[PDB]
Amino acid sequence: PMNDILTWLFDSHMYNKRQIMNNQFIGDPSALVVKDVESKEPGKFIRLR
Amino acid sequence: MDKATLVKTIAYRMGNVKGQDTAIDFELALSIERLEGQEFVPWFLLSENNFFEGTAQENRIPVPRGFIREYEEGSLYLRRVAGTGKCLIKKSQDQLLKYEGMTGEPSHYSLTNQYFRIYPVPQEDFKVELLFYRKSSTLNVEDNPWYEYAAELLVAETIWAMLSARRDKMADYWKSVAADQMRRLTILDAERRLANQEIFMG
Amino acid sequence: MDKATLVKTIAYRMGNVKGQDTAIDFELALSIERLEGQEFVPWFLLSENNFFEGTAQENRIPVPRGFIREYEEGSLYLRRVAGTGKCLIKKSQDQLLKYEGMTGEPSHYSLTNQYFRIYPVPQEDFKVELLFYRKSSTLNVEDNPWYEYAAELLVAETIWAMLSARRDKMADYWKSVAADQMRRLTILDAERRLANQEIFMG
Amino acid sequence: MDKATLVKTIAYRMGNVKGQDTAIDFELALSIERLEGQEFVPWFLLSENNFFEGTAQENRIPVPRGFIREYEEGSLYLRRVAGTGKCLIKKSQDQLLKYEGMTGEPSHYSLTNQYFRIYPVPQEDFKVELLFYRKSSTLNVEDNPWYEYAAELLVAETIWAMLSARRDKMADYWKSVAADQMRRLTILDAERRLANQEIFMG
Amino acid sequence: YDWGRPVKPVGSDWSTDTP
Amino acid sequence: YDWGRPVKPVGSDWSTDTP
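What counts, and at which threshold
- Residues numbered from 1 in each chain as written, not as in the entry; some residues may be left out.
- Chains lettered and ligands numbered in written order.
- Part of a larger assembly, values for the part shown.
- Heavy atoms only, no water.
- Helix = DSSP H or I, 4+ residues; strand = E, 2+ residues; numbered from the N terminus.
- Buried < 20%, exposed > 50% of the residue type's maximum accessible area, 1.4 Å probe, protein only.
- Areas by Shrake-Rupley, 256 points an atom, 1.4 Å probe, with all protein chains shown as cover.
- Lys, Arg positive; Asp, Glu negative; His and termini not counted.
- Charge placed at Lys NZ, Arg CZ, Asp CG, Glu CD.
- Patch = residues over 30% accessible without salt bridge, like charges linked within 9 Å, V, L, I, M, F, W, Y side chains within 5 Å.
- Salt bridge = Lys/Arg side-chain N within 4 Å of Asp/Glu carboxyl O.
- Axes fitted to C-alpha atoms, helices over the stretch in contact; angles between N-to-C directions.
- Left-handed = near helix turned anticlockwise from the far one by under 90°.
- Contact = heavy atoms within 4.5 Å.
- Nonpolar A, V, L, I, M, F, W, Y, C, P; charged D, E, K, R; others polar.
- Polar contact = N/O pair within 3.5 Å; in protein donor to acceptor, adjacent residues only side chain to side chain.
- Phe/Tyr/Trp six-rings, centres within 6.5 Å; stacked < 30°, edge-to-face > 60°.
- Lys NZ or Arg CZ within 6 Å of the ring centre and 35° of its normal.
- Pairing = 2+ DSSP bridges.
- Buried area = accessible area lost by both parts, 1.4 Å probe.
- Parallel < 35°, antiparallel > 145°, perpendicular 65-115°, else oblique.

Draft legend 1. Spotlight on the overall build of chain A. Scanning chain A from N- to C-terminus turns up two helices and zero strands. When burial is assessed residue by residue, chain A has 12% of its 49 residues classed as buried. Of the roughly 4,800 Å² of accessible surface on chain A, a fraction of 61% belongs to carbon and sulfur atoms. Looking at charge distribution, chain A has the averaged site of its 7 positive side-chain charges lying 9 Å from that of its 6 negative ones.

This is how it looks when you write it as structure tokens:
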């Protein structure tokens, strides 16, 4: 039983981490120039505020 | 709308006027051009890909007939003998002075006023293709798209005009009407471009 | 509704009309068109599934007739002869120029202005699947959907237009009525699109 | 436009004029000039490339005719007989006095009041390249650009002027119209200057 | 005062692609 | 221009439960 409590505890942890931890963004695509956001370069100037 | 229901609508809404049909016509035409000169541009005015043939030893390139602006997402492309090409890049004339007196395929394009410019001078005959917004008249399309799209904007704005010449109060009521329609139009345009694209941060 | 009750309602509401039914018909039709041109698309404008076949070496595909805007949580689908399928991705022309010359299955497209372009260009004929929003004048179902749902907007707007033509004050009042009704229907659209969906992150 | 449609439009809009076409012409021309004097420079005022040659020991170079203001991302260029070139730098007179007496290639200049001065003073004749903004009365292209683009400003301002002369109320209204149009064109200028440039730090 | 204006004699013409 | 519109021929009918 004590071993089982261990299994739930660990499992719940990894499982919750898997579902959420990811880097994502929120924004309105009406104003941004889409082509620009996708690109990866050392310096870029996306356009607008 | 068939360019005839427009004048009928103008008469009907204006108060069932009868004998101004020539005037109506002059005005509707005066109007489409004005709206075209406006700073906003709708979505039906991009031309089919048009290309230009350039002769060697010349840097400046004449602007297309009735040009308005380039396409935000489209660029000059050169098509070589093999059929493939490369996308040229643009910069202010100042930054492009350095390649003066150099040899190769073209690489940079600059606006000037009426003339594009190629500073890496192509020593031989060459061609590029563009995607640009053009004046309504120039476009081949059998019929005016403005007639089909947002005919209400058109109806309203001309009515304002005659009414302004008639020094009547409701000129504004119509002006305001044009505006709502104009704003909505921009929303349609912006709404449509991004309809099914997925962005990623890279 | 049955297009008769609507007319008699218009006649009764604006002051017990007798003979303007011809102007009623002309100006009413106009209303449906105007509203369609506007930035908003109600649900009952959604067209049924569509398919099309394009020949070899022709990367240009014209826009389907009566098209306005594609369905957002829908996307262009490629159907192969073996019954297997796939969904093509959307990108701006610029991002997608690179593939110029890569042969195989189609993968991407751009809206452009009036024509669909697929840069992975097949060497044979091929079939496509598509969904979009179409005008009621161009849908294949027997009855005009607009009358059935949202009659009121239609009642009000034609009246607003009919009354504004004679230069009568109540024009602002009827326009406000129409605006309230439009806000109501805009709320109702989201009432159905996200009616009983269940969501979870990933 | 063709300078006739503009006149008949002016006559129609301000109350169906018959005979003031002579005053129309006089006051209209005046408009183009006034607008040019104003702080703003639209794109289609930009002149074509210019060159000039100056003799030895003469550090004073007069201003080119019809000049208003130089092109910002453009700068004075020195062209040598060998086909090689260079771009001279700009500094205030004060910073540049030091060189008084340093012989060799020209390097710098100042606007001063009406004359260009180069403190590195050559001992022979020399050629220069220049770009600037010029009045339409002084450009070498056949047609006056202003009529073609921005007719409306021209229509409105002459009317505003014509109507304000007779002491009539609508003067404020027409002036507001002209102001809105000017703001529109100012937006449109930036619409083209930075149309499709791509930028990155360094 | 000898600012000369270079002339632009290169042919100016475009073309359109058939659907 | 060959966009064809597939037709929907499947029978459309419902029913209700008696109280």
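Next comes the rest of the write-up.
Draft legend 2. Looking closely at a nonpolar patch on the surface. All names here are of chain A. Taken together, the side chains of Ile5, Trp8 and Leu9 make up a nonpolar region of the molecular surface, amounting to roughly 350 Å² of accessible area. As for its placement among the helices and strands, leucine 9 is situated in helix α1 (residues 2-20). Under the relative-accessibility criterion, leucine 9 is labelled partly exposed at 48%.

Draft legend 3. Up close: the packing of helix α2 (residues 21-37) of chain B against helix α4 (residues 151-165) of chain B. Residue and element names in this part refer to chain B. In the contact formed by α2 and α4, the axes pass within 9 Å of each other and the chain directions differ by 115°. For α2 against α4, the interelement crossing comes out right-handed. Taken together, the residues of α4 that come into contact with α2 (itself represented by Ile24, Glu27, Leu28, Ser31, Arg34 and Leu35) are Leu153, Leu154, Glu157, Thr158, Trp160, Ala161 and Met162. Here the residues of the contact of α2 with α4 are counted per class, giving eight nonpolar, two polar and three charged.

Draft legend 4. Molecular detail of the interface of chain B and chain C. On the chain C side, the residues contacting the 37 residues of chain B number 38 residues. Inspection of the region where chain B meets chain C yields seven salt bridges. Summed over the shared surface of chain B and chain C, the number is 16 residue pairs in polar contact. Counting only elements with at least two residues in the side of chain B that touches chain C, the list comes to α1 (5-14), β4 (77-79), β5 (85-87), α4 and α5 (171-193) of chain B. A total of nine residues in the side of chain B that touches chain C trace back to one element, the largest contributor, which is α5 of chain B.

Draft legend 5. Spatial organisation of the packing of aromatic side chains. Scanning the entire structure with this criterion turns up 26 aromatic pairs over all chains. Here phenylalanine 67 of chain C and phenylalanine 132 of chain C contribute two aromatic rings whose centre-to-centre distance is 5.9 Å and whose plane-to-plane angle is 55°, an arrangement assigned as tilted. Linking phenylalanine 67 of chain C in strand β3 (residues 67-70) with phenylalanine 132 of chain C in strand β10 (residues 132-134), this pair joins segments that are 65 residues apart in sequence. Both residues of the pair, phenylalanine 67 of chain C and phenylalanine 132 of chain C, belong to the buried class. Among the aromatic residues, those joined into a ring-pair cluster are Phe52, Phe67, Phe116 and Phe132 of chain B together with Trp14 of chain E. Looking at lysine 175 of chain B, its charged tip hangs above the ring of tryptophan 160 of chain B, at a distance of 3.4 Å from the centre. The ring of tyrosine 149 of chain B is capped by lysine 135 of chain C, whose NZ or CZ atom sits 5.8 Å from the centre of that ring.

Draft legend 6. Focus on the sheet that holds strand β5 (residues 85-87) of chain D. The sheet built from five strands is open, its strands ordered β5(D)-β4(D)-β9(D)-β1(D)-β1(E) with antiparallel pairing. What marks the edges here is a single partner per strand, and that holds for β5 of chain D together with β1 (3-4) of chain E. By the bridge criterion, three bridges tie strand β4 (residues 77-79) of chain D to strand β9 (residues 126-130) of chain D in an arrangement that is antiparallel. Residue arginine 79 of chain D lies in a different strand from β9 of chain D, and its bridge partner there is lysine 127 of chain D.

Draft legend 7. Representation of the interface of chain A and chain D in the model. At the junction of the two partners, chain A supplies six residues and chain D supplies five residues. For the pairing of chain A and chain D, the buried interface totals around 490 Å² over both sides, and the portion due to carbon and sulfur atoms is 42%. Interface area lost by chain A to chain D is led by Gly43, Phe45 and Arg47 of chain A, which between them contribute 72%. Counting across the interface, chain A meets chain D through two salt bridges. For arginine 47 of chain A, the salt bridge goes to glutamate 198 of chain D, with nearest N and O atoms at 3.2 Å.

Draft legend 8. Molecular detail of the packing of α4 of chain B against α5 of chain B. Residues and elements named next belong to chain B. Two numbers describe how α4 lies on α5: the axes approach to 8 Å, and their chain directions differ by 155°. The angle between α4 and α5 places the two elements in the roughly antiparallel class. Relative to α5, α4 is oriented so that their crossing is left-handed. Seen from α4, the contacting residues are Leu153, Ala156, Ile159, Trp160, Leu163 and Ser164; seen from α5, they are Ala171, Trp174, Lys175, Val177, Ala178, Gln181 and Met182. Taken together, the residues of the contact of α4 with α5 break down into ten nonpolar, two polar and one charged.

Distances and angles like these do not, on their own, reveal function.
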